[PDB]
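To begin, one chain is listed below as structure tokens, in the form deposited in one PDB entry.
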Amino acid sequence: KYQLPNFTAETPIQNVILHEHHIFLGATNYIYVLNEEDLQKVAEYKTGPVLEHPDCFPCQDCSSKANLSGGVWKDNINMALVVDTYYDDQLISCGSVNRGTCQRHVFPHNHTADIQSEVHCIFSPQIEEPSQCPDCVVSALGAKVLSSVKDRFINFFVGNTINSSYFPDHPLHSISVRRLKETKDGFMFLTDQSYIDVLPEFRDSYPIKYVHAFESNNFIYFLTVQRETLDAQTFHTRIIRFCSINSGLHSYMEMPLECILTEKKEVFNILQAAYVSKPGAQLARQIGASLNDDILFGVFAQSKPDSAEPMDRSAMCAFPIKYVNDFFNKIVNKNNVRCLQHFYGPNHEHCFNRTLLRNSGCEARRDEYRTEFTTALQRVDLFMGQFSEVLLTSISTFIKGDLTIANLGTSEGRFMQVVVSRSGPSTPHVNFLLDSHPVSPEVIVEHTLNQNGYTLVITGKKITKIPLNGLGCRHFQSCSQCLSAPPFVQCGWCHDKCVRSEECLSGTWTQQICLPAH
């Protein structure tokens, strides 16, 4: 029973963007534009069900070029949503259909919400080499796209999950970096080493699902879930670190992550969602970090045996990024480092007698080496089993004073706010049911005024704006109970309701005494 700003879309919502006081939703067959203040629908754009034909390419008049009778409508599920501000501000969207190509929508000055005025597909054929397609960006089987401007150009780091049927005719790249041409009419690969693929024999036996991707300390990181080796049937999570100099893939390394619960020790080896944030003072001194350091917060789950499907058993681990980099640079020796098993062959010339140069942490060479670690980076659960019997599916993080607070969403559709601390009871101070649908890991956190912002959370066809503070009060129904709230929530009794002083508009707000009746 919570009155919150929400919006329904009549189709599932994939990715979401916040930019210039407008909220951009990338939903199945549509792109919605809502006003940030009230989540009222302002603009629409129909990327709706589209007809596919081999002789038809993006931006073409397909109805005049080919025979379209009996065509099966294909639903265009959004896959990537990006906003560019380097040049003229625009919105790049990548869908699942039409070879996974992307399109851009340009914003006018007088009106910053015209997404249907100037739209250019980003596609250019390759008549010279008919097998190469740098504009085929996104796999419909799962893709994670991270864009960044560097050296006066726009770069697209893409992780794609590949089915074996793509490889024969329509192939994609497991990890790639594409540069947007200055004419904004196509991507390009600068070298043979701008992309790393899985061997054709391992397209089926070695799936790779890309969970997260971020940039930190002039490095690109990709959180993914793979098989531990090749002949094994168990799955685990790896973090992937690489450098990008002049749009290249240099110093590529994969390192396994392990989130254990010592209460012998069970491992939660499947990442469900992550979020990089800086810590509050308490947690910071609890994990040997500084206030300005980037921490990777991860929500893990335990795998059903010999599978990558997680059961309703979750955990939460913190990985300071500086400790990750130091683990890359120090643990390396003559036994932990390995060759990339799915990139090269298991029996390759490089996988036998080539070592990472010690002249190196980010150098670009003509013959780049791509490695894979044996020893994992382990951390203990910070909730210590509190969520060891549910499936967490969303996480974000903010700071209230010296406290680091985590926003969690579950498989059952529950939203909850908890305080993250190793020494202390990890008991959620906020806990309710957003929707019957699972909570999507794609979320937003926006800070306004003094640490009093909000977070956008997605469930099914609905997205809700949830305030970062004051929800712990709104479930108490008596002043004698409103007085017992934990001190950091700053609750008080407003005549008939329990809120914080900001939400008590008129009347009396008390936080000291309460006078019950007998």
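A residue's number is simply how far along the shown sequence it sits, counting from 1. Take the two forms, superpose them, and find the largest set of C-alpha atoms that agree within 1.5 Å; that set is the rigid core.
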### At least a third of other PDB entries omit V158
no
### Task
Report, as yes or no, whether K278 is left without coordinates in at least one third of the other compared entries.
no
### Query
What size is the break between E263 and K264 in terms of deposited sequence residues left without coordinates: none, 1 to 3, 4 to 9, or 10 or more?
4 to 9
## Note on the structure
Here the number of deposited-sequence residues unresolved in the coordinates between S436 and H437 is none
### Query
So which stretch wins on mean C-alpha B-factor, 272-280 or 178-186?
178-186
### Task
Read off the CA B-factors in the entry, average them over 329-337 and over 219-227, and name the higher stretch.
329-337
### Summary
Based on the PDB entry, the highest CA temperature factor among the options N469, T28, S480, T464 is that of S480
### Message
For the CA B factor values reported in this entry, which option in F352, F297, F387, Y323 has the top one?
### Response
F352
#### Entry: Chain thirds of CA B-factor: placement of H22
middle
### Message
Can you tell me whether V106 has a C-alpha B-factor in the lowest, middle or highest third compared with the other modelled residues of the same chain?
### Response
highest
### Task
Sorting the chain's modelled residues by C-alpha B-factor, tell me whether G70 ends up in the lowest, middle or highest third.
highest
### Message
Split into thirds by Cα B-factor across the chain's modelled residues, where does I115 land: lowest, middle or highest?
### Response
highest
### Task
Taking the chain's C-alpha temperature factors as the reference, tell me which third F235 falls into: lowest, middle or highest.
middle
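One more form of this protein exists, namely the form deposited in another entry; it is left out here, but the text below deals with it.
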### Query
Which of these moves by 2 angstroms or more at the C-alpha between this form and the one not shown, core superposed: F167, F373, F219, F189?
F167
### Message
At a 2 Å cut-off on C-alpha positions, does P467 qualify as shifted between this form and the one not shown after fitting the rigid core?
### Response
no
### Post core alignment: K46 C-alpha displaced by 2 Å or more between this form and the one not shown
no
### After fitting the core, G71 CA displacement of 2 Å or more between this form and the one not shown
yes
### Query
Do the C-alpha atoms of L271 and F167 sit closer or farther apart in the other form than they do here, given a shift of 3 Å or more?
farther
#### Entry: Cα-Cα trend for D169 and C121, given that in the other form the distance shifts by 3 Å or more
closer
